[PDB]
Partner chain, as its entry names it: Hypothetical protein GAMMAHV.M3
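One chain comes next, on its own, written out as structure tokens in the form deposited without the partner chain.
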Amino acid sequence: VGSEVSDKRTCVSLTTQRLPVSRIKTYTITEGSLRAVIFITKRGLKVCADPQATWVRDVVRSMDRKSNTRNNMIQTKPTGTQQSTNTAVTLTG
């Protein structure tokens, strides 16, 4: 139950899995050697896709709208550590 890691970078391959935008959350397109479109799903699963795909470009257009303001609508704020009080309870014996 799992795949190979340490080798990959961001995803596995380029596309090969026409994911429904409805399931996709946000995306990230690169311009560097990568020059690939990254698709992030609500499941936190991010994949890569070729921007040469028309369907992709079409979804990319919507993706922006799908996550136009949403991006802001979501601002996961992580935490460091927490505090607590001391305890004291002994068991008979």
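Numbering follows the first chain given and starts at 1.
Unshown form solved in complex with the partner chain; subsequent notes refer to it.
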Report yes if any heavy atom of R57 sits within 4.5 Å of a heavy atom of the partner chain in the bound PDB entry; otherwise report no. no
Just to confirm, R43 within 4.5 Å of the partner chain in the bound PDB entry by heavy atoms? yes
Using a 4.5 Å heavy atom cut-off, state whether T10 contacts the partner chain in the bound PDB entry. yes
4.5 Å heavy atom contact, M63 and the partner chain in the bound PDB entry: no
Select from 8-29 the residues with a non-hydrogen atom within 4.5 Å of the partner chain in the bound PDB entry and write them out in sequence order. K8, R9, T10, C11, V12, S13, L14, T15, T16, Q17, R18, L19, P20, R23
